[PDB]
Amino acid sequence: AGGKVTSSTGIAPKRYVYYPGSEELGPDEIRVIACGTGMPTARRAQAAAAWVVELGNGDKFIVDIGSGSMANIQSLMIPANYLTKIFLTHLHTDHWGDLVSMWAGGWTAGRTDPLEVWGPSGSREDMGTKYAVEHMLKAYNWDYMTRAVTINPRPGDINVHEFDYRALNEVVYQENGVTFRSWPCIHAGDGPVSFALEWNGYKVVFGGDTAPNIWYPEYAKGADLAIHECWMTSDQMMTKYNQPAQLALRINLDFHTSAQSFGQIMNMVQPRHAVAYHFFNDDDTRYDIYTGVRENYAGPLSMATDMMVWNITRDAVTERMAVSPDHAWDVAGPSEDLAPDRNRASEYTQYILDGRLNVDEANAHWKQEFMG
C-alpha cells in the first residue's frame, strides 16, 4: 500500500495515511478533514460536526466546530493564526459548541487576529448567530477579562458576519478567489443552512443538518465532494434508543434524512464523491446504512468517521485516514508579538493577593540550579 519507497534514508512518497503536517499542498489541490462526524451524544470515537478545509492557495477554513472537535483540530499541527475563519451551518451545540475553545484556546496559543465567524440569521434577532455569539462572549466574560489583563485583547474579539438564512444560493463570502454560497435546510426550526465553497474549479458542499429539501439537489450539483446528513436506521432507533415503532419510523421520514433519501439526493447531485455523516459509525450500524444508500446511489461514497481526509485534485478524489497525535501540543506560527495593553485593570483585590503562601524554602533547590 502507498507509493513505492525508492531509498533507505528517504521519505515514503504518496503515503497510504495522512500524517498531519507532513504533506505539502499543491496549487491545484484541496484537503478536507472530518474533525467530527458524530452526534449530540458525546463519545471518544466521534466528536461532533467539524470540517477543516485547506486550499492550495493557502486559505484555510473551519466549517462547523462541534463539542469535542477541538481535540481533532489541534492534532493537525496547524498554527492558530491560520484558522481564524469559521463558518457555522447552524446553532446546534453539536455544530458550534467548541467555538469557545477555539476562541479561548487559540488565543493563549497565540492567534493575533480576531476570529471571524460566518453564520445564519434566524426568523428573529434572538435566533441568529449575531445574538448567539454576542451572548457567548458575555457567558465567558470572566475568562475574557482575566486573560486580557495579560494578553492584548484584539485577538479575543469575534467579528461576526451574519447572513440571511432565507437566501437561495447567495454569496456570503468572497475573497482571494474563493466563494461561499448558502441555501436553506429544514432542521428543527428556521436558521440552518448548507454551504458551497467554490475555488479554482472546485466545488465542495457542506450540507449541515437537514431533512431532504429541494435546494441541496439543485445547488450542490456537480460538487467535487458533497457532504450530507444520513441518519441511523429505524431498526437501530429501536435497538439503541429503545423507541416505539411509530416514532422510530417518523425520525427517518419527518425529522431526518434517511440513507435511502441520501442515496436519491446524491443520485440527483452526481458529484465526483459523496460523503455520508452524522451517524454513529459502529461495527453494528454502518453496513445497513451503506446498503440503504446503495439502493439509490452507485457513485463513489465515503462513510464518514473522525480524522477521515479527502484530497481533491484534477484527476482524483482520494479518501485516506489521518493518523495524528493523541498527546497534541499547540504549534507555533510565523506571527509575532502584540505588545500587551497597558490600559487593563487587574481583577485581583488585595484581599485575595494577601492569601499567598510562602514557598521559597521548598523551591530554592530547583530555583537555584535553573538560574544557570
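Residues carry their position along the shown sequence, with the first being 1.
- Taking the mean C-alpha B-factor of each stretch as recorded, 305-313 and 336-344 are not equal, and the higher mean is that of 336-344.
- Relative to its counterpart among 59-67 and 325-333, 325-333 has the higher mean temperature factor, C-alpha atoms as listed in the PDB entry.
- Looking at 161, 250, 272, 90, the one whose CA carries the top B-factor in the deposited record is 250.
- Across the residues 257, 176, 285, 84, the deposited record lists the maximum Cα B factor for 285.
- Among all modelled residues in its chain, residue 240 ranks in the highest third by Cα B-factor.
- In this PDB entry, residue 47 carries a Cα temperature factor that places it within the middle third of its chain's modelled residues.
- Annotation for residue 107: CA B-factor lies in the highest third of the chain's modelled residues.
- In the PDB entry, residue 39 places in the highest third of its chain by CA B-factor.
- In this PDB entry, the Cα temperature factor of residue 261 sits in the middle third of its chain's modelled residues.
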